[PDB]
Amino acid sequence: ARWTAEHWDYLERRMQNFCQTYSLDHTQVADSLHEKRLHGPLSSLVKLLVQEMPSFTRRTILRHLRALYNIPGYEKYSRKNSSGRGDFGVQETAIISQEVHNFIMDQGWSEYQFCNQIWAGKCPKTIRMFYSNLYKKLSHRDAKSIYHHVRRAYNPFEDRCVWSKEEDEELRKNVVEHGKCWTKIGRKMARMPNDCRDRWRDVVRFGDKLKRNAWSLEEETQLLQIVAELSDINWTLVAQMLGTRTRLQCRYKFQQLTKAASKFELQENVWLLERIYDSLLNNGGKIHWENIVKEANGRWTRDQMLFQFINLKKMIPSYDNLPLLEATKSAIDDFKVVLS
């Protein structure tokens, strides 16, 4: 499910055996991993890893592999032993797994019994004491972080990514029936309460109004209007008001629209409006951006030009006087006069 301490130990061991097999050094392997395409035994080795580690893609296995020998750029995929915040280091999870295994062997519990007692509404004194000692052995990290981690990692629910159409529906009806009560709902569906929230907030809440296609000009414009009415930005509320895109989709689209672009001057605005006006005339009453992006070639991305067009429509008085076609032609002509 996730890259744990075991997965790193497997990689390192498989790599040590690789070197011994072909009489190679770790420096020689690191040199091969600087190249884009792999060859020979190293190519055969990765193929094995992909098969031996089905929980991960070849792309992500390579990212970890290249990180293991250190290849610049792959630092973020490198092994982490400990941290005070965010993701748990491989040594932290190892300590937890050791403490849980010790606590479970004591008192004679199964790991299933352990998970149920953790999630038994109000945990008993033995569980409360288990937490206390665990916090001391991870004193660097906030005790609440460890508390949330353990619950998520040790649960009685069936953890899986596949939600069916019916299960999605059953969730909906539960929310209609009981409200935003994910613990009550979660137990009814044998699902981790947080997973129920996520399924609802990011998928099922939207119903059939959710879109996967490319954003429309109207959709992108609406997105800009709602961010103007508002940390600073609550993407969950943003998606709710837009109604056709998830919070992460909105968060992503907004970032692309507002990315750092080259300063649009008078001449730059003219070229854009002229390239748009060509698409308005030659093509149907629509804007084909495929040709516009290509002619820009690196200076602006699609979303950046769209962002600029939105602001031009809002600021140029011609767009309040005339329809899109004529207003654009008027906007260009007015832009050409001031250039004198």
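Residue numbers here begin at 1 and follow the sequence given.
J.: Which fits the stretch between residue 230 and residue 231: none, 1 to 3, 4 to 9, or 10 or more deposited residues lacking coordinates?
T.: Missing in between: 4 to 9 residues.
J.: Compare the mean C-alpha B-factor of 283 to 291 with that of 50 to 58 as given in the PDB entry, and name the stretch with the higher value.
T.: Of 50 to 58 and 283 to 291, the stretch with the higher C-alpha B-factor average is 283 to 291.
J.: Would you mind comparing 249 to 257 and 159 to 167 for me and telling me which has the higher average C-alpha temperature factor in the entry?
T.: Result: 159 to 167.
J.: Of 72, 179, 84, 89, which one's C-alpha B factor is largest in the deposited record?
T.: Result of the comparison over 72, 179, 84, 89: 72.
J.: Just to confirm, going by the entry's C-alpha B-factors, which of 132, 126, 194, 234 comes out highest?
T.: Going by the entry's C-alpha B-factors, 126 comes out highest.
J.: Sorting by Cα B-factor within the chain, modelled residues only, which third would residue 107 end up in: lowest, middle or highest?
T.: Top third by C-alpha B-factor.
J.: When the modelled residues of the chain are sorted by Cα temperature factor, does residue 215 land in the lowest, middle or highest third?
T.: Middle third by C-alpha B-factor.
J.: In terms of the chain's CA B-factor thirds, is residue 297 lowest, middle or highest?
T.: Highest third, going by the recorded CA B-factors of the chain.
J.: Consider only the C-alpha atoms of the modelled residues in this chain, order them by B-factor as the entry records it, and name the third containing residue 312: lowest, middle or highest.
T.: Middle third of the chain for residue 312's C-alpha B-factor.
J.: Classify residue 65 as lowest, middle or highest third according to the C-alpha B-factor given in the PDB entry, relative to its own chain.
T.: Bottom third by C-alpha B-factor.
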